[PDB]
$ cat input00.txt   # compact mmCIF, C-alpha atoms and all ligand atoms
# COMPACT_ATOMS: atom_id res chain seq x y z
CA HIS A 4 217.92 172.93 158.58
CA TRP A 5 214.13 172.41 158.74
CA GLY A 6 211.78 174.93 157.10
CA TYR A 7 208.66 175.02 154.88
CA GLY A 8 210.18 174.22 151.39
CA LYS A 9 210.05 171.16 149.06
CA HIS A 10 213.38 169.84 150.44
CA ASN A 11 213.04 170.79 154.17
CA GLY A 12 209.27 171.19 154.80
CA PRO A 13 206.83 169.27 157.01
CA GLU A 14 207.07 165.91 155.08
CA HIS A 15 210.85 165.89 155.93
CA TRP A 16 210.70 166.86 159.64
CA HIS A 17 210.38 163.23 160.89
CA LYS A 18 214.01 162.49 159.84
CA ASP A 19 215.47 164.95 162.45
CA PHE A 20 212.38 164.83 164.78
CA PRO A 21 210.86 161.30 164.74
CA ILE A 22 208.06 162.43 167.14
CA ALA A 23 206.63 164.07 163.94
CA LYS A 24 204.89 160.65 163.45
CA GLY A 25 203.77 160.50 167.14
CA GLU A 26 200.41 159.84 168.80
CA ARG A 27 199.49 163.47 169.70
CA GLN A 28 200.72 165.68 166.85
CA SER A 29 199.27 169.08 165.89
CA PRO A 30 197.58 170.68 164.10
CA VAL A 31 194.43 168.61 163.35
CA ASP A 32 191.21 169.03 161.42
CA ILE A 33 188.37 169.91 163.81
CA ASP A 34 185.33 167.90 162.69
CA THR A 35 182.57 170.08 164.23
CA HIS A 36 179.93 167.31 164.16
CA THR A 37 182.24 164.74 165.97
CA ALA A 38 183.54 167.23 168.63
CA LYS A 39 181.68 166.54 171.87
CA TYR A 40 180.06 169.34 173.87
CA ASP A 41 181.51 168.94 177.39
CA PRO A 42 179.38 170.72 180.03
CA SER A 43 182.26 170.12 182.56
CA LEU A 44 184.52 172.57 180.56
CA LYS A 45 184.85 176.01 182.24
CA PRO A 46 184.86 179.44 180.61
CA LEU A 47 188.36 180.44 179.45
CA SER A 48 189.97 183.05 181.78
CA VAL A 49 192.24 185.33 179.68
CA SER A 50 193.88 187.95 182.00
CA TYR A 51 196.08 190.18 179.76
CA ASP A 52 195.44 193.59 181.54
CA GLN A 53 199.10 193.63 182.86
CA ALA A 54 200.82 192.02 179.79
CA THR A 55 204.28 193.60 179.14
CA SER A 56 205.50 193.07 175.59
CA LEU A 57 209.25 193.56 175.18
CA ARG A 58 210.29 192.87 171.63
CA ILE A 59 209.42 191.50 168.19
CA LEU A 60 211.72 189.03 166.42
CA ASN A 61 212.03 187.52 162.86
CA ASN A 62 213.36 184.00 163.67
CA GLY A 63 213.44 182.89 159.98
CA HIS A 64 210.15 180.86 160.33
CA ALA A 65 207.70 183.53 161.65
CA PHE A 66 207.82 186.65 163.82
CA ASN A 67 207.41 186.37 167.61
CA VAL A 68 205.96 189.16 169.86
CA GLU A 69 207.71 188.47 173.20
CA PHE A 70 206.51 189.18 176.72
CA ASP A 71 208.15 189.58 180.07
CA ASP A 72 207.13 186.28 181.75
CA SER A 73 209.21 186.94 184.96
CA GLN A 74 206.02 187.79 186.98
CA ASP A 75 202.40 186.52 187.13
CA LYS A 76 200.96 189.14 184.71
CA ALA A 77 199.48 187.83 181.40
CA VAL A 78 197.87 184.47 182.37
CA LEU A 79 195.51 181.89 180.91
CA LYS A 80 193.50 179.67 183.25
CA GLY A 81 190.17 177.90 183.46
CA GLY A 82 188.80 176.39 180.28
CA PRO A 83 190.21 172.82 180.23
CA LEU A 84 193.30 173.83 182.27
CA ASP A 85 194.40 172.94 185.80
CA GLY A 86 196.41 175.81 187.38
CA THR A 87 197.87 178.86 185.65
CA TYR A 88 199.74 179.37 182.41
CA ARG A 89 201.88 182.45 181.70
CA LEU A 90 202.08 184.18 178.28
CA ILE A 91 205.61 184.05 176.78
CA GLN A 92 205.04 184.95 173.09
CA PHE A 93 202.61 185.06 170.21
CA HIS A 94 203.17 184.46 166.50
CA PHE A 95 201.17 183.68 163.36
CA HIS A 96 201.09 181.19 160.49
CA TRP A 97 199.85 182.41 157.11
CA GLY A 98 199.56 181.62 153.43
CA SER A 99 200.72 182.86 150.04
CA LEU A 100 196.97 183.39 149.20
CA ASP A 101 193.89 184.05 151.37
CA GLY A 102 192.64 180.45 150.75
CA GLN A 103 195.32 178.85 152.96
CA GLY A 104 197.52 179.68 155.94
CA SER A 105 195.85 178.21 159.04
CA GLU A 106 197.26 175.11 160.75
CA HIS A 107 194.03 173.89 162.32
CA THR A 108 191.14 173.46 159.91
CA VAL A 109 187.39 173.39 160.66
CA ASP A 110 185.50 170.75 158.64
CA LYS A 111 188.54 170.98 156.25
CA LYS A 112 188.14 174.81 155.93
CA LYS A 113 191.50 176.62 155.83
CA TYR A 114 191.60 180.19 157.15
CA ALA A 115 193.96 182.86 155.80
CA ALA A 116 196.09 182.75 158.97
CA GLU A 117 196.21 181.53 162.56
CA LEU A 118 197.43 183.36 165.69
CA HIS A 119 199.07 181.31 168.47
CA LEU A 120 199.42 182.77 171.99
CA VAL A 121 201.87 180.46 173.78
CA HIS A 122 201.67 180.02 177.57
CA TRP A 123 203.67 177.79 179.97
CA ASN A 124 202.43 176.04 183.13
CA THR A 125 203.79 177.92 186.16
CA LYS A 126 204.09 174.61 188.10
CA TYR A 127 207.25 173.83 185.97
CA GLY A 128 209.00 177.16 186.71
CA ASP A 129 210.32 178.04 183.18
CA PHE A 130 209.46 177.52 179.47
CA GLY A 131 212.21 175.03 178.77
CA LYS A 132 211.20 172.73 181.67
CA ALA A 133 207.49 173.06 180.80
CA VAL A 134 207.94 171.68 177.24
CA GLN A 135 209.27 168.39 178.74
CA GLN A 136 205.83 167.76 180.36
CA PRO A 137 202.55 166.55 178.80
CA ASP A 138 200.66 169.49 180.41
CA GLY A 139 203.52 172.00 180.03
CA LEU A 140 201.98 174.47 177.53
CA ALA A 141 198.59 175.95 176.68
CA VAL A 142 198.37 177.46 173.19
CA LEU A 143 195.40 179.69 172.40
CA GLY A 144 194.70 179.52 168.66
CA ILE A 145 192.68 182.17 166.83
CA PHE A 146 191.74 182.04 163.15
CA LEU A 147 192.15 185.06 160.84
CA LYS A 148 189.86 185.73 157.88
CA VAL A 149 190.30 188.61 155.39
CA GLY A 150 187.66 191.34 155.60
CA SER A 151 187.55 194.40 157.89
CA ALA A 152 190.89 195.55 159.39
CA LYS A 153 191.72 194.58 162.98
CA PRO A 154 192.70 197.94 164.52
CA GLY A 155 194.59 196.15 167.37
CA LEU A 156 196.86 194.36 164.84
CA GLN A 157 198.08 197.54 163.06
CA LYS A 158 200.96 198.26 165.57
CA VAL A 159 202.37 194.75 164.70
CA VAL A 160 201.91 195.27 160.91
CA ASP A 161 203.67 198.67 161.02
CA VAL A 162 206.88 197.29 162.73
CA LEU A 163 207.40 194.39 160.20
CA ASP A 164 209.37 196.65 157.76
CA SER A 165 212.10 196.82 160.51
CA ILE A 166 212.40 192.98 160.88
CA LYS A 167 212.16 191.94 157.20
CA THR A 168 214.88 189.28 157.43
CA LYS A 169 215.92 186.37 159.68
CA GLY A 170 217.59 187.40 162.97
CA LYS A 171 216.32 191.02 162.88
CA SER A 172 214.62 192.18 166.15
CA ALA A 173 212.97 195.48 167.28
CA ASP A 174 211.84 197.08 170.57
CA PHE A 175 208.16 196.33 170.99
CA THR A 176 206.83 197.62 174.29
CA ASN A 177 203.26 198.37 175.45
CA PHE A 178 201.53 196.10 172.88
CA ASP A 179 198.15 194.97 174.30
CA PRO A 180 197.22 191.45 173.02
CA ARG A 181 193.57 191.99 174.15
CA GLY A 182 193.24 193.85 170.80
CA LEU A 183 193.68 190.51 168.93
CA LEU A 184 190.80 188.62 170.64
CA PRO A 185 187.38 187.94 169.09
CA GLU A 186 184.16 188.72 171.02
CA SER A 187 183.40 185.09 171.98
CA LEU A 188 185.73 182.80 173.97
CA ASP A 189 183.84 179.63 172.83
CA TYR A 190 186.49 177.00 172.05
CA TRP A 191 187.50 173.53 171.04
CA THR A 192 190.23 171.75 173.02
CA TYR A 193 192.40 168.63 172.55
CA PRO A 194 195.85 167.36 173.62
CA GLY A 195 198.60 167.93 171.04
CA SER A 196 202.04 169.20 170.20
CA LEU A 197 204.15 172.10 169.04
CA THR A 198 203.54 172.55 165.29
CA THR A 199 207.24 173.27 164.54
CA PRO A 200 210.34 171.27 165.47
CA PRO A 201 210.99 170.05 168.09
CA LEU A 202 207.27 168.98 167.80
CA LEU A 203 207.12 168.15 171.54
CA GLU A 204 203.85 166.60 172.77
CA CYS A 205 203.40 169.13 175.57
CA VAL A 206 200.41 171.27 174.49
CA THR A 207 196.80 171.63 175.60
CA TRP A 208 195.31 173.28 172.49
CA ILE A 209 192.47 175.79 172.93
CA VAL A 210 191.16 176.88 169.50
CA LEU A 211 188.57 179.67 169.48
CA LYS A 212 185.51 179.14 167.26
CA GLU A 213 185.12 182.85 166.33
CA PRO A 214 187.75 184.12 163.84
CA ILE A 215 189.07 187.67 163.86
CA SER A 216 188.88 189.73 160.66
CA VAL A 217 192.03 191.40 159.30
CA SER A 218 192.28 193.48 156.13
CA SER A 219 193.86 192.29 152.87
CA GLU A 220 196.44 195.11 153.39
CA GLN A 221 197.36 193.76 156.87
CA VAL A 222 197.95 190.17 155.65
CA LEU A 223 199.79 191.45 152.51
CA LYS A 224 202.36 193.03 154.91
CA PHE A 225 202.90 189.60 156.60
CA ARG A 226 203.68 188.23 153.10
CA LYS A 227 206.47 190.85 152.52
CA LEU A 228 208.60 189.30 155.30
CA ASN A 229 211.53 187.07 154.32
CA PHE A 230 212.62 183.58 155.48
CA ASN A 231 216.25 184.41 154.38
CA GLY A 232 218.74 186.64 156.31
CA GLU A 233 219.88 190.19 155.19
CA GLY A 234 222.02 189.87 151.98
CA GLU A 235 220.67 186.38 150.98
CA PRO A 236 218.48 185.33 147.98
CA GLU A 237 214.91 186.61 148.69
CA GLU A 238 212.42 183.88 149.75
CA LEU A 239 209.10 185.43 150.86
CA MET A 240 207.87 184.29 154.32
CA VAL A 241 204.60 182.62 153.17
CA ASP A 242 203.01 179.19 153.74
CA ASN A 243 204.71 178.76 157.14
CA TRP A 244 201.95 176.32 158.26
CA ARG A 245 202.07 172.59 159.03
CA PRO A 246 199.16 170.62 157.52
CA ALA A 247 196.62 168.71 159.64
CA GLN A 248 198.04 165.52 161.23
CA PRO A 249 196.24 162.27 162.14
CA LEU A 250 193.89 162.58 165.13
CA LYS A 251 194.72 158.98 166.30
CA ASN A 252 193.38 158.18 169.81
CA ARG A 253 192.11 161.73 170.65
CA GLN A 254 188.81 163.45 171.38
CA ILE A 255 188.18 167.11 170.52
CA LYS A 256 185.84 168.70 173.09
CA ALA A 257 183.66 171.80 172.55
CA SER A 258 182.93 174.37 175.32
CA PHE A 259 179.64 175.29 173.53
CA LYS A 260 176.42 173.63 172.28
ZN ZN B 301 202.29 178.39 165.97
$ encode --input "input00.txt" --output "structure tokens" --more "lines below"
Ligand SMILES: [Zn+2]
Amino acid sequence: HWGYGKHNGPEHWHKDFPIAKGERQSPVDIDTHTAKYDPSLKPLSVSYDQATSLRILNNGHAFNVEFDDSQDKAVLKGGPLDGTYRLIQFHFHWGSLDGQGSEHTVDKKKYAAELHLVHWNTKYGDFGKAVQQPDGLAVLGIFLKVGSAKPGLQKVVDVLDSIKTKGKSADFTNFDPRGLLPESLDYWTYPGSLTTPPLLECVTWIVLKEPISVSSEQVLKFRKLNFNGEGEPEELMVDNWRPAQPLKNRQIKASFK
């Protein structure tokens, strides 16, 4: 099965998922001097006041914090988007060392990690139908750098001991994702894809310019997770990031001057 190793990592994915070599793959390098300021872009509307987290899951590639998406609660709108996108889950990508881990890069800079808040377009009714559409998902990407602790991340860090291995899940109610947002909602945006198989070209990417800071101790606890299941040879869950893919016929737009 696909993963992040020498024999099953990103350079292999195209064999099972030929769209890996497609025209709108993610992530990409964001060249800040080439990105065009677009005065037509609206402020991002992030409405997470009523978000209902349910559960956290180790899926063998990352951990997902899951939300109840059965009502119009936690929604993303405005920015580059038409209509309303509902939060279904967030997860991270991170490195073995602080010098790598992000999927997007900024002028080739790699951050220590990257947070993805995944939302689906309510006009397609469910997640699975939305990913079959070119405007099906909106993923809000947020860089992590190592410095000061993020107090709003600590509830996530403290539950990871209970989901060390693939297939382990835990009850994870009342988690407020507003505690993971930077001050500024200035962003870059471009059309792209999921960054894991099935690599579907269904995403409007919205990548915030301002990173959040997390402590070395917080990211070290991400790196204690395991890719393997309980009672299998230990493989630390690190370097679960896809490298930058070719930009091809795409424009990255900036919300800010
Ligand atoms: Zn992701």
$ residues_near_ligand --input "input00.txt" --ligand "ligand ZN 301 (chain B)" --cutoff "9 Å" --atoms "all atoms listed in the file" --output "VMD selection string"
chain A and resid 65 93 to 96 106 117 to 121 142 144 197 to 199 244
$ residues_around --input "input00.txt" --residues "residue A:203" --least-positions-apart "3" --cutoff "9 Å" --atoms "all atoms listed in the file" --output "number ranges by chain"
A: 22-23, 28, 134-137, 195-200, 206
$ closest_atom_pairs --input "input00.txt" --of "stretch 132-177 of chain A" --to "stretch 209-218 of chain A" --cutoff "12 Å" --atoms "all atoms listed in the file" --output "JSON lines"
{"residue": "A:140", "atom": "CA", "partner": "A:209", "partner_atom": "CA", "distance": 10.6}
{"residue": "A:141", "atom": "CA", "partner": "A:209", "partner_atom": "CA", "distance": 7.2}
{"residue": "A:142", "atom": "CA", "partner": "A:209", "partner_atom": "CA", "distance": 6.1}
{"residue": "A:143", "atom": "CA", "partner": "A:209", "partner_atom": "CA", "distance": 4.9}
{"residue": "A:144", "atom": "CA", "partner": "A:210", "partner_atom": "CA", "distance": 4.5}
{"residue": "A:145", "atom": "CA", "partner": "A:211", "partner_atom": "CA", "distance": 5.5}
{"residue": "A:146", "atom": "CA", "partner": "A:214", "partner_atom": "CA", "distance": 4.6}
{"residue": "A:147", "atom": "CA", "partner": "A:215", "partner_atom": "CA", "distance": 5.0}
{"residue": "A:148", "atom": "CA", "partner": "A:216", "partner_atom": "CA", "distance": 5.0}
{"residue": "A:149", "atom": "CA", "partner": "A:217", "partner_atom": "CA", "distance": 5.1}
{"residue": "A:150", "atom": "CA", "partner": "A:218", "partner_atom": "CA", "distance": 5.1}
{"residue": "A:151", "atom": "CA", "partner": "A:218", "partner_atom": "CA", "distance": 5.1}
{"residue": "A:152", "atom": "CA", "partner": "A:218", "partner_atom": "CA", "distance": 4.1}
{"residue": "A:153", "atom": "CA", "partner": "A:217", "partner_atom": "CA", "distance": 4.9}
{"residue": "A:154", "atom": "CA", "partner": "A:217", "partner_atom": "CA", "distance": 8.4}
{"residue": "A:155", "atom": "CA", "partner": "A:217", "partner_atom": "CA", "distance": 9.7}
{"residue": "A:156", "atom": "CA", "partner": "A:217", "partner_atom": "CA", "distance": 7.9}
{"residue": "A:157", "atom": "CA", "partner": "A:217", "partner_atom": "CA", "distance": 9.4}
{"residue": "A:160", "atom": "CA", "partner": "A:217", "partner_atom": "CA", "distance": 10.7}
$ residues_near_point --input "input00.txt" --point "(196.6, 171.7, 162.0)" --cutoff "7 Å" --atoms "only C-alpha atoms" --output "PyMOL selection string"
chain A and resi 29-32+106-108+245-248
$ atom_distance --input "input00.txt" --atom1 "atom CA of residue A:81" --atom2 "atom CA of residue A:57"
26.0 Å
$ atom_distance --input "input00.txt" --atom1 "atom CA of residue A:162" --atom2 "atom CA of residue A:122"
23.4 Å
$ residues_around --input "input00.txt" --residues "residue A:109" --least-positions-apart "5" --cutoff "7 Å" --atoms "all atoms listed in the file" --output "PyMOL selection string"
chain A and resi 32-35
$ atom_distance --input "input00.txt" --atom1 "atom CA of residue A:130" --atom2 "atom CA of residue A:71"
12.1 Å
$ residues_around --input "input00.txt" --residues "residue A:102" --least-positions-apart "2" --cutoff "8 Å" --atoms "all atoms listed in the file" --output "ChimeraX atom specification"
/A:98,100,104,113-115
$ residues_near_point --input "input00.txt" --point "(207.7, 197.8, 172.3)" --cutoff "10 Å" --atoms "only C-alpha atoms" --output "PyMOL selection string"
chain A and resi 55-59+68-70+158-159+162+173-178
$ residues_around --input "input00.txt" --residues "stretch 75-78 of chain A" --least-positions-apart "2" --cutoff "9 Å" --atoms "all atoms listed in the file" --output "CSV table (one decimal) with C-alpha atoms, in the coordinates of the input"
chain,number,residue,atom,x,y,z
A,48,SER,CA,190.0,183.0,181.8
A,49,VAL,CA,192.2,185.3,179.7
A,50,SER,CA,193.9,188.0,182.0
A,51,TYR,CA,196.1,190.2,179.8
A,52,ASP,CA,195.4,193.6,181.5
A,53,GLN,CA,199.1,193.6,182.9
A,54,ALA,CA,200.8,192.0,179.8
A,55,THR,CA,204.3,193.6,179.1
A,70,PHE,CA,206.5,189.2,176.7
A,71,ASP,CA,208.2,189.6,180.1
A,72,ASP,CA,207.1,186.3,181.8
A,73,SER,CA,209.2,186.9,185.0
A,80,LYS,CA,193.5,179.7,183.2
A,87,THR,CA,197.9,178.9,185.6
A,88,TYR,CA,199.7,179.4,182.4
A,89,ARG,CA,201.9,182.4,181.7
A,90,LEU,CA,202.1,184.2,178.3
A,91,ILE,CA,205.6,184.0,176.8
A,122,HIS,CA,201.7,180.0,177.6
A,125,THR,CA,203.8,177.9,186.2
$ closest_residue --input "input00.txt" --among "A:64, A:45, A:227, A:15" --to "residue A:84" --atoms "all atoms listed in the file"
A:45
$ closest_residue --input "input00.txt" --among "A:183, A:166, A:222, A:255" --to "residue A:39" --atoms "only C-alpha atoms"
A:255
$ closest_residue --input "input00.txt" --among "A:62, A:37, A:187, A:43" --to "residue A:83" --atoms "only C-alpha atoms"
A:43
$ closest_residue --input "input00.txt" --among "A:97, A:127, A:5, A:66" --to "residue A:168" --atoms "all atoms listed in the file"
A:66
$ closest_residue --input "input00.txt" --among "A:179, A:138, A:61, A:92" --to "residue A:193" --atoms "all atoms listed in the file"
A:138
$ build_atoms --input "input00.txt" --residues "stretch 111-129 of chain A" --atoms "N, CA and C atoms" --output "mmCIF file, in the coordinates of the input"
data_model
loop_
_atom_site.group_PDB
_atom_site.id
_atom_site.type_symbol
_atom_site.label_atom_id
_atom_site.label_comp_id
_atom_site.auth_asym_id
_atom_site.auth_seq_id
_atom_site.Cartn_x
_atom_site.Cartn_y
_atom_site.Cartn_z
ATOM 1 N N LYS A 111 187.579 170.876 157.382
ATOM 2 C CA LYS A 111 188.540 170.980 156.250
ATOM 3 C C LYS A 111 188.668 172.421 155.733
ATOM 4 N N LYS A 112 187.955 173.392 156.292
ATOM 5 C CA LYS A 112 188.140 174.810 155.930
ATOM 6 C C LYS A 112 189.502 175.303 156.420
ATOM 7 N N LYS A 113 190.254 175.910 155.509
ATOM 8 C CA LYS A 113 191.500 176.620 155.830
ATOM 9 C C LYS A 113 191.210 178.109 155.916
ATOM 10 N N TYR A 114 191.658 178.723 157.000
ATOM 11 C CA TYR A 114 191.600 180.190 157.150
ATOM 12 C C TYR A 114 192.871 180.798 156.557
ATOM 13 N N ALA A 115 192.830 182.117 156.387
ATOM 14 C CA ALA A 115 193.960 182.860 155.800
ATOM 15 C C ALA A 115 195.185 182.830 156.716
ATOM 16 N N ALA A 116 194.975 182.745 158.013
ATOM 17 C CA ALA A 116 196.090 182.750 158.970
ATOM 18 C C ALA A 116 195.592 182.233 160.297
ATOM 19 N N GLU A 117 196.532 181.990 161.205
ATOM 20 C CA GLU A 117 196.210 181.530 162.560
ATOM 21 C C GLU A 117 197.216 182.151 163.529
ATOM 22 N N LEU A 118 196.675 182.749 164.579
ATOM 23 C CA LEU A 118 197.430 183.360 165.690
ATOM 24 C C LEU A 118 197.572 182.326 166.804
ATOM 25 N N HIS A 119 198.778 182.199 167.333
ATOM 26 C CA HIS A 119 199.070 181.310 168.470
ATOM 27 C C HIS A 119 199.627 182.140 169.615
ATOM 28 N N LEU A 120 198.919 182.166 170.739
ATOM 29 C CA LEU A 120 199.420 182.770 171.990
ATOM 30 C C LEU A 120 199.893 181.623 172.870
ATOM 31 N N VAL A 121 201.195 181.603 173.115
ATOM 32 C CA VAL A 121 201.870 180.460 173.780
ATOM 33 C C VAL A 121 202.057 180.776 175.256
ATOM 34 N N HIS A 122 201.616 179.856 176.105
ATOM 35 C CA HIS A 122 201.670 180.020 177.570
ATOM 36 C C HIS A 122 202.287 178.774 178.211
ATOM 37 N N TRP A 123 203.050 178.957 179.291
ATOM 38 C CA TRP A 123 203.670 177.790 179.970
ATOM 39 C C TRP A 123 203.099 177.666 181.379
ATOM 40 N N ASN A 124 203.026 176.418 181.828
ATOM 41 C CA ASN A 124 202.430 176.040 183.130
ATOM 42 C C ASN A 124 203.382 176.458 184.242
ATOM 43 N N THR A 125 202.919 177.339 185.124
ATOM 44 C CA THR A 125 203.790 177.920 186.160
ATOM 45 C C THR A 125 204.278 176.834 187.122
ATOM 46 N N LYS A 126 203.643 175.660 187.156
ATOM 47 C CA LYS A 126 204.090 174.610 188.100
ATOM 48 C C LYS A 126 205.437 174.033 187.659
ATOM 49 N N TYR A 127 205.930 174.335 186.449
ATOM 50 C CA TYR A 127 207.250 173.830 185.970
ATOM 51 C C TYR A 127 208.307 174.938 185.948
ATOM 52 N N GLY A 128 207.970 176.158 186.367
ATOM 53 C CA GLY A 128 209.000 177.160 186.710
ATOM 54 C C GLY A 128 209.550 177.942 185.533
ATOM 55 N N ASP A 129 209.792 177.319 184.374
ATOM 56 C CA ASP A 129 210.320 178.040 183.180
ATOM 57 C C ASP A 129 209.763 177.330 181.931
#
